[PDB]
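For reference, coords-v2.pdb is printed below; it contains PDB, N, CA and C atoms.
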```pdb
ATOM      1  N   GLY R   1      56.024 112.189-199.340  1.00  0.00           N
ATOM      2  CA  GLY R   1      56.742 112.317-200.595  1.00  0.00           C
ATOM      3  C   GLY R   1      58.132 112.892-200.411  1.00  0.00           C
ATOM      4  N   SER R   2      58.813 113.157-201.522  1.00  0.00           N
ATOM      5  CA  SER R   2      60.162 113.707-201.479  1.00  0.00           C
ATOM      6  C   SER R   2      60.414 114.624-202.672  1.00  0.00           C
ATOM      7  N   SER R   3      60.755 115.876-202.387  1.00  0.00           N
ATOM      8  CA  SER R   3      61.020 116.854-203.435  1.00  0.00           C
ATOM      9  C   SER R   3      62.507 116.903-203.770  1.00  0.00           C
ATOM     10  N   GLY R   4      62.823 116.778-205.055  1.00  0.00           N
ATOM     11  CA  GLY R   4      64.209 116.810-205.486  1.00  0.00           C
ATOM     12  C   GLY R   4      64.346 116.843-206.995  1.00  0.00           C
ATOM     13  N   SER R   5      65.204 115.979-207.528  1.00  0.00           N
ATOM     14  CA  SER R   5      65.430 115.915-208.967  1.00  0.00           C
ATOM     15  C   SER R   5      64.107 115.926-209.726  1.00  0.00           C
ATOM     16  N   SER R   6      64.151 116.387-210.972  1.00  0.00           N
ATOM     17  CA  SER R   6      62.955 116.454-211.805  1.00  0.00           C
ATOM     18  C   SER R   6      62.689 115.113-212.482  1.00  0.00           C
ATOM     19  N   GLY R   7      61.766 114.343-211.912  1.00  0.00           N
ATOM     20  CA  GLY R   7      61.433 113.046-212.474  1.00  0.00           C
ATOM     21  C   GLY R   7      60.974 113.139-213.914  1.00  0.00           C
ATOM     22  N   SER R   8      60.335 112.078-214.400  1.00  0.00           N
ATOM     23  CA  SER R   8      59.848 112.043-215.774  1.00  0.00           C
ATOM     24  C   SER R   8      58.363 112.391-215.833  1.00  0.00           C
ATOM     25  N   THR R   9      57.992 113.204-216.817  1.00  0.00           N
ATOM     26  CA  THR R   9      56.604 113.616-216.985  1.00  0.00           C
ATOM     27  C   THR R   9      55.912 113.778-215.636  1.00  0.00           C
ATOM     28  N   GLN R  10      56.626 114.353-214.675  1.00  0.00           N
ATOM     29  CA  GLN R  10      56.079 114.565-213.340  1.00  0.00           C
ATOM     30  C   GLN R  10      55.412 115.933-213.238  1.00  0.00           C
ATOM     31  N   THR R  11      54.137 115.993-213.612  1.00  0.00           N
ATOM     32  CA  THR R  11      53.384 117.241-213.564  1.00  0.00           C
ATOM     33  C   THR R  11      52.119 117.087-212.729  1.00  0.00           C
ATOM     34  N   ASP R  12      51.243 116.181-213.151  1.00  0.00           N
ATOM     35  CA  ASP R  12      49.993 115.936-212.441  1.00  0.00           C
ATOM     36  C   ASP R  12      50.223 115.025-211.238  1.00  0.00           C
ATOM     37  N   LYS R  13      50.947 113.933-211.459  1.00  0.00           N
ATOM     38  CA  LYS R  13      51.239 112.981-210.394  1.00  0.00           C
ATOM     39  C   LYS R  13      51.592 113.704-209.099  1.00  0.00           C
ATOM     40  N   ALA R  14      52.592 114.577-209.167  1.00  0.00           N
ATOM     41  CA  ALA R  14      53.026 115.336-208.000  1.00  0.00           C
ATOM     42  C   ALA R  14      51.843 116.009-207.313  1.00  0.00           C
ATOM     43  N   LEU R  15      51.069 116.766-208.084  1.00  0.00           N
ATOM     44  CA  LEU R  15      49.906 117.465-207.549  1.00  0.00           C
ATOM     45  C   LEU R  15      48.952 116.491-206.864  1.00  0.00           C
ATOM     46  N   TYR R  16      48.614 115.414-207.563  1.00  0.00           N
ATOM     47  CA  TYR R  16      47.709 114.406-207.024  1.00  0.00           C
ATOM     48  C   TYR R  16      47.948 114.203-205.531  1.00  0.00           C
ATOM     49  N   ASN R  17      49.214 114.049-205.156  1.00  0.00           N
ATOM     50  CA  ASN R  17      49.578 113.847-203.758  1.00  0.00           C
ATOM     51  C   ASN R  17      49.034 114.974-202.886  1.00  0.00           C
ATOM     52  N   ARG R  18      49.422 116.204-203.207  1.00  0.00           N
ATOM     53  CA  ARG R  18      48.973 117.368-202.452  1.00  0.00           C
ATOM     54  C   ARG R  18      47.460 117.341-202.261  1.00  0.00           C
ATOM     55  N   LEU R  19      46.732 117.173-203.359  1.00  0.00           N
ATOM     56  CA  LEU R  19      45.275 117.128-203.313  1.00  0.00           C
ATOM     57  C   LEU R  19      44.793 116.079-202.316  1.00  0.00           C
ATOM     58  N   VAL R  20      45.226 114.838-202.516  1.00  0.00           N
ATOM     59  CA  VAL R  20      44.842 113.743-201.634  1.00  0.00           C
ATOM     60  C   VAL R  20      46.023 113.277-200.789  1.00  0.00           C
ATOM     61  N   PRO R  21      46.294 114.007-199.697  1.00  0.00           N
ATOM     62  CA  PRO R  21      47.395 113.688-198.784  1.00  0.00           C
ATOM     63  C   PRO R  21      47.137 112.413-197.988  1.00  0.00           C
ATOM     64  N   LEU R  22      48.127 111.999-197.206  1.00  0.00           N
ATOM     65  CA  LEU R  22      48.007 110.794-196.392  1.00  0.00           C
ATOM     66  C   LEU R  22      48.347 111.085-194.935  1.00  0.00           C
ATOM     67  N   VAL R  23      47.316 111.298-194.122  1.00  0.00           N
ATOM     68  CA  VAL R  23      47.505 111.583-192.705  1.00  0.00           C
ATOM     69  C   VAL R  23      46.772 110.568-191.838  1.00  0.00           C
ATOM     70  N   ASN R  24      45.651 110.064-192.345  1.00  0.00           N
ATOM     71  CA  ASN R  24      44.855 109.084-191.615  1.00  0.00           C
ATOM     72  C   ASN R  24      45.253 107.663-192.002  1.00  0.00           C
ATOM     73  N   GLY R  25      46.371 107.539-192.712  1.00  0.00           N
ATOM     74  CA  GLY R  25      46.842 106.234-193.133  1.00  0.00           C
ATOM     75  C   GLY R  25      46.009 105.650-194.257  1.00  0.00           C
ATOM     76  N   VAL R  26      45.178 106.487-194.870  1.00  0.00           N
ATOM     77  CA  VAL R  26      44.321 106.049-195.966  1.00  0.00           C
ATOM     78  C   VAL R  26      43.961 107.212-196.881  1.00  0.00           C
ATOM     79  N   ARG R  27      44.389 107.126-198.137  1.00  0.00           N
ATOM     80  CA  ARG R  27      44.111 108.173-199.113  1.00  0.00           C
ATOM     81  C   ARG R  27      42.655 108.123-199.565  1.00  0.00           C
ATOM     82  N   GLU R  28      41.912 109.185-199.271  1.00  0.00           N
ATOM     83  CA  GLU R  28      40.505 109.260-199.646  1.00  0.00           C
ATOM     84  C   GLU R  28      40.099 110.699-199.950  1.00  0.00           C
ATOM     85  N   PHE R  29      39.400 110.888-201.065  1.00  0.00           N
ATOM     86  CA  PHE R  29      38.952 112.214-201.470  1.00  0.00           C
ATOM     87  C   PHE R  29      38.115 112.866-200.373  1.00  0.00           C
ATOM     88  N   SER R  30      37.685 114.099-200.618  1.00  0.00           N
ATOM     89  CA  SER R  30      36.880 114.834-199.650  1.00  0.00           C
ATOM     90  C   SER R  30      35.591 115.341-200.289  1.00  0.00           C
ATOM     91  N   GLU R  31      34.613 115.674-199.451  1.00  0.00           N
ATOM     92  CA  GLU R  31      33.330 116.171-199.934  1.00  0.00           C
ATOM     93  C   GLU R  31      33.528 117.312-200.927  1.00  0.00           C
ATOM     94  N   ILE R  32      34.701 117.936-200.876  1.00  0.00           N
ATOM     95  CA  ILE R  32      35.017 119.042-201.771  1.00  0.00           C
ATOM     96  C   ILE R  32      35.489 118.534-203.129  1.00  0.00           C
ATOM     97  N   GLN R  33      36.529 117.708-203.115  1.00  0.00           N
ATOM     98  CA  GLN R  33      37.077 117.150-204.347  1.00  0.00           C
ATOM     99  C   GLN R  33      36.003 116.405-205.132  1.00  0.00           C
ATOM    100  N   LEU R  34      35.271 115.535-204.446  1.00  0.00           N
ATOM    101  CA  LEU R  34      34.211 114.758-205.079  1.00  0.00           C
ATOM    102  C   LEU R  34      33.222 115.671-205.797  1.00  0.00           C
ATOM    103  N   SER R  35      32.496 116.473-205.026  1.00  0.00           N
ATOM    104  CA  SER R  35      31.514 117.392-205.587  1.00  0.00           C
ATOM    105  C   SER R  35      32.024 118.002-206.890  1.00  0.00           C
ATOM    106  N   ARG R  36      33.344 118.094-207.016  1.00  0.00           N
ATOM    107  CA  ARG R  36      33.959 118.659-208.211  1.00  0.00           C
ATOM    108  C   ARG R  36      34.153 117.588-209.280  1.00  0.00           C
ATOM    109  N   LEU R  37      34.588 116.407-208.855  1.00  0.00           N
ATOM    110  CA  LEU R  37      34.816 115.299-209.776  1.00  0.00           C
ATOM    111  C   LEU R  37      33.526 114.913-210.493  1.00  0.00           C
ATOM    112  N   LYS R  38      32.438 114.825-209.736  1.00  0.00           N
ATOM    113  CA  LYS R  38      31.141 114.470-210.299  1.00  0.00           C
ATOM    114  C   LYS R  38      30.861 115.267-211.570  1.00  0.00           C
ATOM    115  N   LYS R  39      30.992 116.585-211.476  1.00  0.00           N
ATOM    116  CA  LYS R  39      30.757 117.462-212.617  1.00  0.00           C
ATOM    117  C   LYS R  39      31.397 116.893-213.880  1.00  0.00           C
ATOM    118  N   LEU R  40      32.631 116.418-213.751  1.00  0.00           N
ATOM    119  CA  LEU R  40      33.354 115.846-214.881  1.00  0.00           C
ATOM    120  C   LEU R  40      32.730 114.523-215.312  1.00  0.00           C
ATOM    121  N   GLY R  41      32.171 113.796-214.350  1.00  0.00           N
ATOM    122  CA  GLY R  41      31.546 112.521-214.650  1.00  0.00           C
ATOM    123  C   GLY R  41      32.367 111.344-214.161  1.00  0.00           C
ATOM    124  N   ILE R  42      33.273 111.606-213.225  1.00  0.00           N
ATOM    125  CA  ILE R  42      34.125 110.558-212.674  1.00  0.00           C
ATOM    126  C   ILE R  42      33.533 109.986-211.390  1.00  0.00           C
ATOM    127  N   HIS R  43      32.723 108.942-211.533  1.00  0.00           N
ATOM    128  CA  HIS R  43      32.093 108.300-210.384  1.00  0.00           C
ATOM    129  C   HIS R  43      33.093 107.420-209.639  1.00  0.00           C
ATOM    130  N   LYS R  44      34.116 108.048-209.068  1.00  0.00           N
ATOM    131  CA  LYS R  44      35.140 107.324-208.325  1.00  0.00           C
ATOM    132  C   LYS R  44      35.343 107.935-206.942  1.00  0.00           C
ATOM    133  N   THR R  45      35.662 107.089-205.967  1.00  0.00           N
ATOM    134  CA  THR R  45      35.883 107.545-204.601  1.00  0.00           C
ATOM    135  C   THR R  45      37.341 107.372-204.192  1.00  0.00           C
ATOM    136  N   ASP R  46      37.892 106.195-204.469  1.00  0.00           N
ATOM    137  CA  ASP R  46      39.279 105.902-204.132  1.00  0.00           C
ATOM    138  C   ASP R  46      40.221 106.399-205.225  1.00  0.00           C
ATOM    139  N   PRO R  47      41.395 106.899-204.813  1.00  0.00           N
ATOM    140  CA  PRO R  47      42.405 107.417-205.741  1.00  0.00           C
ATOM    141  C   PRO R  47      43.055 106.312-206.567  1.00  0.00           C
ATOM    142  N   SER R  48      42.751 105.065-206.220  1.00  0.00           N
ATOM    143  CA  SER R  48      43.308 103.917-206.927  1.00  0.00           C
ATOM    144  C   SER R  48      42.638 103.738-208.286  1.00  0.00           C
ATOM    145  N   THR R  49      41.308 103.696-208.282  1.00  0.00           N
ATOM    146  CA  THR R  49      40.546 103.528-209.513  1.00  0.00           C
ATOM    147  C   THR R  49      40.879 104.623-210.519  1.00  0.00           C
ATOM    148  N   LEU R  50      41.204 105.808-210.012  1.00  0.00           N
ATOM    149  CA  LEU R  50      41.544 106.938-210.868  1.00  0.00           C
ATOM    150  C   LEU R  50      42.674 106.576-211.826  1.00  0.00           C
ATOM    151  N   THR R  51      42.642 107.161-213.020  1.00  0.00           N
ATOM    152  CA  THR R  51      43.664 106.901-214.026  1.00  0.00           C
ATOM    153  C   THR R  51      44.327 108.195-214.482  1.00  0.00           C
ATOM    154  N   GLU R  52      45.576 108.089-214.927  1.00  0.00           N
ATOM    155  CA  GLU R  52      46.321 109.253-215.393  1.00  0.00           C
ATOM    156  C   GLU R  52      45.397 110.252-216.083  1.00  0.00           C
ATOM    157  N   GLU R  53      44.496 109.738-216.915  1.00  0.00           N
ATOM    158  CA  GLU R  53      43.555 110.584-217.638  1.00  0.00           C
ATOM    159  C   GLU R  53      42.686 111.382-216.670  1.00  0.00           C
ATOM    160  N   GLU R  54      42.160 110.701-215.656  1.00  0.00           N
ATOM    161  CA  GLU R  54      41.310 111.345-214.663  1.00  0.00           C
ATOM    162  C   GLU R  54      42.133 112.250-213.748  1.00  0.00           C
ATOM    163  N   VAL R  55      43.291 111.754-213.322  1.00  0.00           N
ATOM    164  CA  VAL R  55      44.171 112.516-212.444  1.00  0.00           C
ATOM    165  C   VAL R  55      44.517 113.869-213.053  1.00  0.00           C
ATOM    166  N   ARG R  56      45.065 113.845-214.264  1.00  0.00           N
ATOM    167  CA  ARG R  56      45.444 115.070-214.956  1.00  0.00           C
ATOM    168  C   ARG R  56      44.254 116.020-215.071  1.00  0.00           C
ATOM    169  N   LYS R  57      43.063 115.452-215.227  1.00  0.00           N
ATOM    170  CA  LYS R  57      41.846 116.245-215.349  1.00  0.00           C
ATOM    171  C   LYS R  57      41.486 116.897-214.017  1.00  0.00           C
ATOM    172  N   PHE R  58      41.425 116.087-212.964  1.00  0.00           N
ATOM    173  CA  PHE R  58      41.092 116.587-211.635  1.00  0.00           C
ATOM    174  C   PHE R  58      42.062 117.683-211.208  1.00  0.00           C
ATOM    175  N   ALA R  59      43.293 117.602-211.700  1.00  0.00           N
ATOM    176  CA  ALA R  59      44.314 118.587-211.371  1.00  0.00           C
ATOM    177  C   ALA R  59      44.184 119.828-212.249  1.00  0.00           C
ATOM    178  N   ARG R  60      43.933 119.613-213.536  1.00  0.00           N
ATOM    179  CA  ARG R  60      43.789 120.713-214.481  1.00  0.00           C
ATOM    180  C   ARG R  60      42.817 121.763-213.947  1.00  0.00           C
ATOM    181  N   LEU R  61      41.600 121.333-213.637  1.00  0.00           N
ATOM    182  CA  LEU R  61      40.578 122.235-213.118  1.00  0.00           C
ATOM    183  C   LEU R  61      41.119 123.056-211.952  1.00  0.00           C
ATOM    184  N   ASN R  62      42.084 122.491-211.234  1.00  0.00           N
ATOM    185  CA  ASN R  62      42.687 123.172-210.094  1.00  0.00           C
ATOM    186  C   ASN R  62      44.060 123.732-210.459  1.00  0.00           C
ATOM    187  N   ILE R  63      44.134 125.050-210.605  1.00  0.00           N
ATOM    188  CA  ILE R  63      45.387 125.709-210.951  1.00  0.00           C
ATOM    189  C   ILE R  63      45.816 126.682-209.858  1.00  0.00           C
ATOM    190  N   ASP R  64      46.924 126.368-209.195  1.00  0.00           N
ATOM    191  CA  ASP R  64      47.443 127.215-208.129  1.00  0.00           C
ATOM    192  C   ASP R  64      48.241 128.382-208.701  1.00  0.00           C
ATOM    193  N   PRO R  65      48.137 129.548-208.047  1.00  0.00           N
ATOM    194  CA  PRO R  65      48.842 130.761-208.473  1.00  0.00           C
ATOM    195  C   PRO R  65      50.348 130.663-208.259  1.00  0.00           C
ATOM    196  N   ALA R  66      50.747 129.952-207.209  1.00  0.00           N
ATOM    197  CA  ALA R  66      52.160 129.777-206.896  1.00  0.00           C
ATOM    198  C   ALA R  66      52.874 128.999-207.994  1.00  0.00           C
ATOM    199  N   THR R  67      52.213 127.965-208.506  1.00  0.00           N
ATOM    200  CA  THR R  67      52.786 127.138-209.561  1.00  0.00           C
ATOM    201  C   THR R  67      51.954 127.217-210.835  1.00  0.00           C
ATOM    202  N   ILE R  68      51.966 128.384-211.473  1.00  0.00           N
ATOM    203  CA  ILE R  68      51.213 128.588-212.704  1.00  0.00           C
ATOM    204  C   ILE R  68      52.000 128.105-213.916  1.00  0.00           C
ATOM    205  N   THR R  69      51.620 126.941-214.436  1.00  0.00           N
ATOM    206  CA  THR R  69      52.288 126.367-215.596  1.00  0.00           C
ATOM    207  C   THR R  69      51.372 126.366-216.815  1.00  0.00           C
ATOM    208  N   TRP R  70      51.757 127.118-217.839  1.00  0.00           N
ATOM    209  CA  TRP R  70      50.968 127.202-219.063  1.00  0.00           C
ATOM    210  C   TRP R  70      51.396 126.131-220.060  1.00  0.00           C
ATOM    211  N   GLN R  71      50.702 124.999-220.040  1.00  0.00           N
ATOM    212  CA  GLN R  71      51.013 123.897-220.944  1.00  0.00           C
ATOM    213  C   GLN R  71      51.491 124.419-222.295  1.00  0.00           C
TER     214      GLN R  71
END
```
What does this structure look like when you write it as structure tokens?
Amino acid sequence: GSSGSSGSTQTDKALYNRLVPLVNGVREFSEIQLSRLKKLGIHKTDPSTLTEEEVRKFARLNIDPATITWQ
């Protein structure tokens, strides 16, 4: 990715990347993220099927102290 100017409605999207990075040349959740997604009811494995609605949700549950943003 690339950090710079403040894009549009760029809040969850940005995070999504951090959560599911790309090092193996293939974006795929982890036994950790999943176990958490299930609780919500999102039976998805690939980050592609995920939708803004799901993304924002998967991120919401995860709130970092460094970037504490109170909607």
Work out how far apart atom N of residue 22 in chain R and atom C of residue 64 in chain R are and give it in Å to one decimal.
20.0 Å
Quick one: what's the axis-aligned box for range 31-50 of chain R, all listed atoms, 8 Å on every side, centre and edges in Å to one decimal, as lines of an AutoDock Vina configuration file?
```
center_x = 37.0
center_y = 111.3
center_z = -207.4
size_x = 28.6
size_y = 31.5
size_z = 31.9
```
Chain R: residues DSSP assigns to alpha helix (DSSP H), reported as JSON, numbers by chain
{"R": [12, 13, 14, 15, 16, 17, 18, 19, 31, 32, 33, 34, 35, 36, 37, 38, 39, 40, 52, 53, 54, 55, 56, 57, 58, 59, 60]}
Pull N, CA and C atoms from the residues just selected and write them as a PDB file, keeping the file's coordinate frame.
```pdb
ATOM      1  N   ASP R  12      51.243 116.181-213.151  1.00  0.00           N
ATOM      2  CA  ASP R  12      49.993 115.936-212.441  1.00  0.00           C
ATOM      3  C   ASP R  12      50.223 115.025-211.238  1.00  0.00           C
ATOM      4  N   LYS R  13      50.947 113.933-211.459  1.00  0.00           N
ATOM      5  CA  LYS R  13      51.239 112.981-210.394  1.00  0.00           C
ATOM      6  C   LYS R  13      51.592 113.704-209.099  1.00  0.00           C
ATOM      7  N   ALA R  14      52.592 114.577-209.167  1.00  0.00           N
ATOM      8  CA  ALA R  14      53.026 115.336-208.000  1.00  0.00           C
ATOM      9  C   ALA R  14      51.843 116.009-207.313  1.00  0.00           C
ATOM     10  N   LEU R  15      51.069 116.766-208.084  1.00  0.00           N
ATOM     11  CA  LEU R  15      49.906 117.465-207.549  1.00  0.00           C
ATOM     12  C   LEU R  15      48.952 116.491-206.864  1.00  0.00           C
ATOM     13  N   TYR R  16      48.614 115.414-207.563  1.00  0.00           N
ATOM     14  CA  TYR R  16      47.709 114.406-207.024  1.00  0.00           C
ATOM     15  C   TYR R  16      47.948 114.203-205.531  1.00  0.00           C
ATOM     16  N   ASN R  17      49.214 114.049-205.156  1.00  0.00           N
ATOM     17  CA  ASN R  17      49.578 113.847-203.758  1.00  0.00           C
ATOM     18  C   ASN R  17      49.034 114.974-202.886  1.00  0.00           C
ATOM     19  N   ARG R  18      49.422 116.204-203.207  1.00  0.00           N
ATOM     20  CA  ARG R  18      48.973 117.368-202.452  1.00  0.00           C
ATOM     21  C   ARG R  18      47.460 117.341-202.261  1.00  0.00           C
ATOM     22  N   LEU R  19      46.732 117.173-203.359  1.00  0.00           N
ATOM     23  CA  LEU R  19      45.275 117.128-203.313  1.00  0.00           C
ATOM     24  C   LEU R  19      44.793 116.079-202.316  1.00  0.00           C
ATOM     25  N   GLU R  31      34.613 115.674-199.451  1.00  0.00           N
ATOM     26  CA  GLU R  31      33.330 116.171-199.934  1.00  0.00           C
ATOM     27  C   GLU R  31      33.528 117.312-200.927  1.00  0.00           C
ATOM     28  N   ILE R  32      34.701 117.936-200.876  1.00  0.00           N
ATOM     29  CA  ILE R  32      35.017 119.042-201.771  1.00  0.00           C
ATOM     30  C   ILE R  32      35.489 118.534-203.129  1.00  0.00           C
ATOM     31  N   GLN R  33      36.529 117.708-203.115  1.00  0.00           N
ATOM     32  CA  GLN R  33      37.077 117.150-204.347  1.00  0.00           C
ATOM     33  C   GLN R  33      36.003 116.405-205.132  1.00  0.00           C
ATOM     34  N   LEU R  34      35.271 115.535-204.446  1.00  0.00           N
ATOM     35  CA  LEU R  34      34.211 114.758-205.079  1.00  0.00           C
ATOM     36  C   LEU R  34      33.222 115.671-205.797  1.00  0.00           C
ATOM     37  N   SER R  35      32.496 116.473-205.026  1.00  0.00           N
ATOM     38  CA  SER R  35      31.514 117.392-205.587  1.00  0.00           C
ATOM     39  C   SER R  35      32.024 118.002-206.890  1.00  0.00           C
ATOM     40  N   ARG R  36      33.344 118.094-207.016  1.00  0.00           N
ATOM     41  CA  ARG R  36      33.959 118.659-208.211  1.00  0.00           C
ATOM     42  C   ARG R  36      34.153 117.588-209.280  1.00  0.00           C
ATOM     43  N   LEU R  37      34.588 116.407-208.855  1.00  0.00           N
ATOM     44  CA  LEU R  37      34.816 115.299-209.776  1.00  0.00           C
ATOM     45  C   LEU R  37      33.526 114.913-210.493  1.00  0.00           C
ATOM     46  N   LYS R  38      32.438 114.825-209.736  1.00  0.00           N
ATOM     47  CA  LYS R  38      31.141 114.470-210.299  1.00  0.00           C
ATOM     48  C   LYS R  38      30.861 115.267-211.570  1.00  0.00           C
ATOM     49  N   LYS R  39      30.992 116.585-211.476  1.00  0.00           N
ATOM     50  CA  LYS R  39      30.757 117.462-212.617  1.00  0.00           C
ATOM     51  C   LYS R  39      31.397 116.893-213.880  1.00  0.00           C
ATOM     52  N   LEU R  40      32.631 116.418-213.751  1.00  0.00           N
ATOM     53  CA  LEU R  40      33.354 115.846-214.881  1.00  0.00           C
ATOM     54  C   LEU R  40      32.730 114.523-215.312  1.00  0.00           C
ATOM     55  N   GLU R  52      45.576 108.089-214.927  1.00  0.00           N
ATOM     56  CA  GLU R  52      46.321 109.253-215.393  1.00  0.00           C
ATOM     57  C   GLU R  52      45.397 110.252-216.083  1.00  0.00           C
ATOM     58  N   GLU R  53      44.496 109.738-216.915  1.00  0.00           N
ATOM     59  CA  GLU R  53      43.555 110.584-217.638  1.00  0.00           C
ATOM     60  C   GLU R  53      42.686 111.382-216.670  1.00  0.00           C
ATOM     61  N   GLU R  54      42.160 110.701-215.656  1.00  0.00           N
ATOM     62  CA  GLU R  54      41.310 111.345-214.663  1.00  0.00           C
ATOM     63  C   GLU R  54      42.133 112.250-213.748  1.00  0.00           C
ATOM     64  N   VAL R  55      43.291 111.754-213.322  1.00  0.00           N
ATOM     65  CA  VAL R  55      44.171 112.516-212.444  1.00  0.00           C
ATOM     66  C   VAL R  55      44.517 113.869-213.053  1.00  0.00           C
ATOM     67  N   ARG R  56      45.065 113.845-214.264  1.00  0.00           N
ATOM     68  CA  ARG R  56      45.444 115.070-214.956  1.00  0.00           C
ATOM     69  C   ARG R  56      44.254 116.020-215.071  1.00  0.00           C
ATOM     70  N   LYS R  57      43.063 115.452-215.227  1.00  0.00           N
ATOM     71  CA  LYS R  57      41.846 116.245-215.349  1.00  0.00           C
ATOM     72  C   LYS R  57      41.486 116.897-214.017  1.00  0.00           C
ATOM     73  N   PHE R  58      41.425 116.087-212.964  1.00  0.00           N
ATOM     74  CA  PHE R  58      41.092 116.587-211.635  1.00  0.00           C
ATOM     75  C   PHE R  58      42.062 117.683-211.208  1.00  0.00           C
ATOM     76  N   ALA R  59      43.293 117.602-211.700  1.00  0.00           N
ATOM     77  CA  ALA R  59      44.314 118.587-211.371  1.00  0.00           C
ATOM     78  C   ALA R  59      44.184 119.828-212.249  1.00  0.00           C
ATOM     79  N   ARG R  60      43.933 119.613-213.536  1.00  0.00           N
ATOM     80  CA  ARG R  60      43.789 120.713-214.481  1.00  0.00           C
ATOM     81  C   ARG R  60      42.817 121.763-213.947  1.00  0.00           C
TER      82      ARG R  60
END
```
Residue by residue, what does the PyMOL selection byres (((chain R and resi 26-28 and name CA) around 9) and name CA) grab here? Present the result as a ChimeraX atom specification.
/R:20-25,29-30,45-48
To one decimal place in Å, what is the distance between atom C of residue 61 in chain R and atom N of residue 5 in chain R?
25.5 Å
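For the structure shown here, the set of residues caught by the PyMOL selection byres (((chain R and resi 57 and name CA) around 12) and name CA) is residues 11, 12, 13, 15, 16, 36, 37, 38, 39, 40, 41, 42, 50, 51, 52, 53, 54, 55, 56, 58, 59, 60, 61, 62 and 63 of chain R.
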What separation in Å, quoted to one decimal, exists between CA of residue 33 in chain R and CA of residue 1 in chain R?
20.6 Å
Because the input lacks atoms here, generate N, CA, C and O atoms for range 13-25 of chain R and report them as a CSV table (one decimal), in the frame of the given file.
```
chain,number,residue,atom,x,y,z
R,13,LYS,N,50.9,113.9,-211.5
R,13,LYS,CA,51.2,113.0,-210.4
R,13,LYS,C,51.6,113.7,-209.1
R,13,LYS,O,51.0,113.5,-208.1
R,14,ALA,N,52.6,114.6,-209.2
R,14,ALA,CA,53.0,115.3,-208.0
R,14,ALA,C,51.8,116.0,-207.3
R,14,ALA,O,51.6,115.8,-206.1
R,15,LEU,N,51.1,116.8,-208.1
R,15,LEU,CA,49.9,117.5,-207.5
R,15,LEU,C,49.0,116.5,-206.9
R,15,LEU,O,48.5,116.7,-205.7
R,16,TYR,N,48.6,115.4,-207.6
R,16,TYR,CA,47.7,114.4,-207.0
R,16,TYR,C,47.9,114.2,-205.5
R,16,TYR,O,47.0,114.2,-204.7
R,17,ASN,N,49.2,114.0,-205.2
R,17,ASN,CA,49.6,113.8,-203.8
R,17,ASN,C,49.0,115.0,-202.9
R,17,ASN,O,48.3,114.7,-201.9
R,18,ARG,N,49.4,116.2,-203.2
R,18,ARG,CA,49.0,117.4,-202.5
R,18,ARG,C,47.5,117.3,-202.3
R,18,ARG,O,47.0,117.5,-201.1
R,19,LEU,N,46.7,117.2,-203.4
R,19,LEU,CA,45.3,117.1,-203.3
R,19,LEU,C,44.8,116.1,-202.3
R,19,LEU,O,44.0,116.4,-201.4
R,20,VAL,N,45.2,114.8,-202.5
R,20,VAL,CA,44.8,113.7,-201.6
R,20,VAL,C,46.0,113.3,-200.8
R,20,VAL,O,46.7,112.3,-201.1
R,21,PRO,N,46.3,114.0,-199.7
R,21,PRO,CA,47.4,113.7,-198.8
R,21,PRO,C,47.1,112.4,-198.0
R,21,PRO,O,46.1,111.8,-198.1
R,22,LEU,N,48.1,112.0,-197.2
R,22,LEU,CA,48.0,110.8,-196.4
R,22,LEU,C,48.3,111.1,-194.9
R,22,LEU,O,49.5,111.1,-194.6
R,23,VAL,N,47.3,111.3,-194.1
R,23,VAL,CA,47.5,111.6,-192.7
R,23,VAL,C,46.8,110.6,-191.8
R,23,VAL,O,47.2,110.2,-190.7
R,24,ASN,N,45.7,110.1,-192.3
R,24,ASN,CA,44.9,109.1,-191.6
R,24,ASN,C,45.3,107.7,-192.0
R,24,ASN,O,44.6,106.7,-191.7
R,25,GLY,N,46.4,107.5,-192.7
R,25,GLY,CA,46.8,106.2,-193.1
R,25,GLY,C,46.0,105.6,-194.3
R,25,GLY,O,46.1,104.5,-194.6
```
